[PDB]
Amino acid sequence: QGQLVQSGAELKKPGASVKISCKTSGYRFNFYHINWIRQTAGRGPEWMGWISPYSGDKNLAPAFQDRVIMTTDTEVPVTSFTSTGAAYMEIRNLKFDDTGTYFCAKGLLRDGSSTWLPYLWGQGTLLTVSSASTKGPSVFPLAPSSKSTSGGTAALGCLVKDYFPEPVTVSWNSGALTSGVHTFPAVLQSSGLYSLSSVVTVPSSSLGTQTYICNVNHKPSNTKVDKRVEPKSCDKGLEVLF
């Protein structure tokens, strides 16, 4: 009944290494195991191993018997029944079939037959293994359109184009406008660049009463873009309302 937070998305070339962290909060970090399970789009979900922070016992799968190292830090107490901890994982000899999302999961029980069973999971850290370098996104403003003439609604958003590697998070007004947001997945082109889209459905009676600012954050390139969406549309079906 806690919360597991992992590190940010990183891009590593094949042959190198990557260190994925997993900080915990809300439960005794030593009372539960830390399982690590990956999933690739060619081999399905694959469990890799777990580790006990109390004793230090590890158990790696034969597929990762000679290229994955797991480490856990010491427990930092907060209350008599809760604490904070952190668990790491070091996988070496990266290949092309190692591109996927990695998860760290809290154990189920302390004693019994299912003590190491993964129950509480994290949010996952996506890992891309490629030789292409990091490319910054190009955010473009989208012109509003007419979703309903009789309903008095519209739809505006921002367009993220030609970025690498995945993924990119898109918020609005520093996380203030989260109602009606519809962020669509990206597209895999023939060159190796992704491009998604974002759009928010808002009524037409709001022009000088709300500021539209989409916050596109891409951490691998260390660049943040803040675009101002124009409330003036160009659709001939929406101009009947203005």
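Residue numbers here begin at 1 and follow the sequence given.
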| property | result |
| --- | --- |
| Residue stretch of maximal mean CA temperature factor, 91-99 vs 108-116 | 91-99 |
| Stretch exceeding the other in mean C-alpha B-factor - 78-86, 145-153 | 145-153 |
| Highest-ranked of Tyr54, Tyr212, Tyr27, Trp50 once sorted by CA temperature factor in the record | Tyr212 |
| Residue, from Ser204, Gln39, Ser191, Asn173, that the PDB entry assigns the highest Cα B-factor | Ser204 |
| Among modelled residues of the same chain, the CA temperature factor third for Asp162 | highest |
| Lowest, middle or highest third - CA B-factor, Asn35 | lowest |
| Chain-relative CA temperature factor third for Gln65 | middle |
| CA B-factor placement of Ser198, once the chain's modelled residues are sorted into thirds | highest |
| Lowest, middle or highest third - CA B-factor, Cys234 | highest |
